Ligand SMILES: Nc1ncnc2c1ncn2[C@@H]1O[C@H](COP(=O)(O)OP(=O)(O)O)[C@@H](O)[C@H]1O
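Protein chains in written order, with this note's numbering: chain A, 74 to 259; chain B, 6 to 75.
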């Protein structure tokens, strides 16, 4: 068999097997729901919408945003997102691969514990891991030492990494990411 | 000399011709007892509201679970 990785670095969400050059496709992690009485009776009512489907559908939908400050706000919504992503894009079953999780560093245990709890229970999945952004950033950039700045959709980072080790005291973590900037924009 | 068919028909007709009386009688009278319900339109409102606000949405998870961390 084969091994599969979810990116849950915030913004559009990235998922792909080991060894593909780039993830198959990517989704905002918008979540949105209806705003108005449903008045085409012909329409099937679906009460929650996600992804480019929503990105099209947006106007009467209204958005919820399931990650604040890199902290994922509402678990069951995530579960909706996650399920959708597997089945609709990936055509994948939880047994199929080990799965790898992508985490803001230095943030509350709860995200660890519930994430794992859900994904081992709700999905049933051979192997699980959660990994800190900077490590990946080095591996891709291929210099065993370094310091990384990556200010995504979500909380904004400084980590020096020396070759082969962490300096967790060294590390700085900031909620300055582009979303809040954008809301300043208005 | 009289009061007649001719006059009675006149009165009848006039009655028929007066739009103000009959229309006012039906519309204005029925206008007053117009409305009583817990509107489903407001059910929509309430539901949306439920979906609306972070104080419910974020706090329901974050107050509840971040209570127990470790
Ligand atoms: N073309 C672009 N130019 C500048 N910023 C962008 C562009 N596309 C997306 N972004 C921003 O980059 C971020 C995308 O999320 P991401 O960087 O993956 O966050 P995270 O680090 O949490 O994964 C968002 O802040 C988004 O607004």
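Note that CB positions come from ideal geometry on N, CA and C, so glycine has one too.
Checklist line | Beta-ladder partner(s) of residue 230(A), from DSSP | finding: Along the first chain, one-based indexing puts residue 230(A) at 157. DSSP output for residue 230(A) lists 246(A) as bridge partner(s).
Checklist line | Distance between residue 122(A) and residue 219(A) (C-alpha atoms, nearest Å) | finding: Along the first chain, read from residue 1 onward, the residue named residue 219(A) stands at position 146. Along the first chain, read from residue 1 onward, the residue named residue 122(A) stands at position 49. When rounded, the distance between both Cα atoms is 40 Å.
Notebook entry, point to check: If you measure from each residue's Cβ to the nearest non-hydrogen atom of ligand 1, which ones come out under 5 Å, in chain order?
Noted result: Residue selection by CB proximity (closer than 5 Å to any heavy atom of ligand 1) returns 82(A), 83(A), 84(A), 225(A), 226(A), 227(A) and 251(A) in chain order.
Next item on the list: Return the chain-ordered ranges of every beta strand (DSSP E) run that is complete within the stretch 166-218 of chain A and spans a minimum of 3 residues.
Entry: 172-176 and 201-205
Check: Can you tell me whether residue 94(A) is buried or exposed, with buried defined as 16 or more other CB within 10 angstroms of its CB?
Finding: As a position in the first chain, residue 94(A) is number 21, starting the count at 1. Residue 94(A) sits exposed, since fewer than 16 C-beta atoms from the chains shown fall within 10 Å of its C-beta.
Notebook entry, point to check: Roughly how many angstroms lie between the CA atoms of residue 185(A) and residue 114(A), to the nearest whole one?
Noted result: The sequence position of residue 185(A) within the first chain is 112, counting from 1. The sequence position of residue 114(A) within the first chain is 41, counting from 1. Distance between the alpha carbons of residue 185(A) and residue 114(A): 43 Å.
Next item on the list: Return the Cβ separation of residue 80(A) and residue 175(A) in integer angstroms, given the expectation that the two are a contact with Cβ distance under 8 Å.
Entry: Translated into positions along the first chain, residue 80(A) becomes position 7. Translated into positions along the first chain, residue 175(A) becomes position 102. Residue 80(A) to residue 175(A), Cβ: 5 Å. Contact.
Check: Quick one: what does DSSP say residue 223(A) is sitting in, helix, strand or coil?
Finding: As a first step, residue 223(A) is located in the first chain; it is residue number 150 there, counting from the start. Reduced to three states, the DSSP call for residue 223(A) is coil.
Item checked: Range covered by the alpha helix (DSSP H) that runs through residue 77(A) -> Position 4 of the first chain holds residue 77(A). It is not in any alpha helix (DSSP H) - residue 77(A) instead sits in the beta strand (DSSP E) that spans 77-80.
Next item on the list: Give me whichever residues DSSP pairs with residue 235(A) in a beta bridge.
Entry: Within the first chain, the letter at position 162 stands for residue 235(A). Per DSSP, 238(A).
Next item on the list: Mind listing, in chain order, the continuous alpha helix (DSSP H) runs of no fewer than 4 residues lying wholly within the stretch 75-149 of chain A?
Entry: Listed in chain order, the complete alpha helix (DSSP H) runs (minimum 4 residues) inside the stretch 75-149 of chain A are 124-130.
Next item on the list: Along the alpha helix (DSSP H) that carries residue 254(A), what are the first and last residues, could you check?
Entry: Your numbering for residue 254(A) matches position 181 in the first chain. Residue 254(A) -> alpha helix (DSSP H) spans 251-258.
Checklist line | Nonlocal neighbours in the same chain, by C-beta distance under 7 Å from residue 155(A), ignoring five residues either side | finding: Within the first chain, residue 155(A) is the residue found at index 82, counting from 1. Excluding the 5 residues flanking it on each side, residue 155(A) has no same chain C-beta neighbour closer than 7 Å.
Notebook entry, point to check: When you compare only the Cα positions, how much space is there between residue 138(A) and residue 105(A)?
Noted result: Sequence index remark: in the first chain, residue 138(A) carries index 65 (1-based). Sequence index remark: in the first chain, residue 105(A) carries index 32 (1-based). When rounded, the distance between both Cα atoms is 8 Å.
Checklist line | Beta-carbon proximity list for residue 133(A), same chain, < 8 Å, skipping 5 on both sides | finding: Here the question's residue 133(A) lines up with position 60 in the first chain. Counting only Cβ-Cβ distances below 8 Å, and skipping sequence neighbours, we find 107, 108 and 109.
Notebook entry, point to check: What number of angstroms, rounded off, separates the C-alpha of residue 125(A) from the C-alpha of residue 101(A)?
Noted result: Residue 125(A) sits at position 52 when you count from the first residue of the first chain. Residue 101(A) sits at position 28 when you count from the first residue of the first chain. Residue 125(A) and residue 101(A): Cα-Cα distance of roughly 8 Å.
Note to self: As a quick exercise: from 203(A), 195(A), 98(A) and 214(A), pick the residue whose alpha carbon is nearest that of residue 149(A).
What the structure shows: The residue you call residue 149(A) lines up with position 76 of the first chain. When each option's Cα is compared against that of residue 149(A), the closest is 195(A).
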